[PDB]
């Protein structure tokens, strides 16, 4: 049962808001908010939200699998072979945060220094001495952005698997010859770089001009987690501060999804009149273009919410009731809400585009949603004896074995957070940039108005 089954199981539960019951619920790791740096919640004046995979968590593996099908169909329609149509999305293969190496066609799991934790070519896991042929220092240059692509988001799960499927398919299909950097089909050379670009192009097309949005919206219950407790949290937040939405999505899609997310026969709590999703927000901003949004951004536009089209021209007016913005920058939000960065708590799922960039560019407080944490915690817990076993030994053939059995419990590409005793890049970046994090933003409901999340002070080795 997937991480989104855990999420929907907690979603079906009404909030018991008794102060005693709240403190007890957040005992459980799954309902907890984790703290990388202290944050006094009473200093927070604006709560900002992302929509996709934050407010609207798409069900797994159904959504990934829809994405994978439409990308495949798109590749087959631009000329890829019909055999692609036999692929079927497999949730047990990809882990998030993998690096595609476009030179050699390998998916890599790396730590924060670019050290190789896992290397797969197709579905062939390259170990020890064999990786040293292509990675003589067992290390990649992360600044080489033209060669290495980091697959950060849950939207990238379908392509993570599809890249391995393609490399597996071309390797084992006798119509093609394998070379170091790609495949020969007679007088045609298909490099892993141009293959990767085709997949990326196809994924982009499916979101932009394909039928992914259409398919999702015509079966929202199949694809999107809905939670009665969402309006309750938002309404509570609106009593102590301001609430905003900043999404990379367009207004028409945002309105279909948000509408559905609020579609209960009540408002914040049972018995109360239902109210439009828009009333829960002081500022709604679509077509954000994060991370560019946290730099110069783009021109501020105003949505005509009646036609779903943009009005012509740059919006020069004040924040008015019922106005929906498009584009702009993070300075728009600050100026319009009278916030400085440390007043803002921004709640997002995109480690780079939401969390890293708002923290480093603007000094916003950050809350990272990690949907898979629901499952990762259940595995971390019922395999703690294995990690604790791995911990003891470090004072060797045994270390390699335990490490592998540990990781396998998570899937073929192992845990999101570590490979044995080595932390991944993703884990590193969570700790550095996410002040808070949790399986779901909803976990904030279980903490009182002005709670002080504490992390311990950090000492250097000479200071200890």
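Positions refer to the first chain, counted from 1.
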How many missing residues of the deposited sequence lie between residue 395 and residue 396 in the entry, grouped as none, 1 to 3, 4 to 9, or 10 or more? 10 or more
For 122 to 130 versus 378 to 386, entry-based mean Cα B-factors point to 378 to 386
Out of 283 to 291 and 174 to 182, which one has CA B-factors that are higher on average in the deposited record? 174 to 182
Determine which member of 168, 255, 239, 201 has the highest CA B-factor, using the values in the deposited entry. 239
Among 415, 36, 403, 65, which carries the highest Cα B-factor? 403
If you rank the chain by CA B-factor, which third does residue 61 end up in: lowest, middle or highest? middle
Would the CA B-factor of residue 354 place it in the lowest, middle or highest third of its chain? lowest
Residue 28: CA B-factor among chain residues, third -> highest
Temperature factor at the Cα of residue 156, chain-ranked in thirds, falls in the lowest
By its CA B factor, does residue 146 count among the lowest, middle or highest third of the modelled residues in the chain? highest
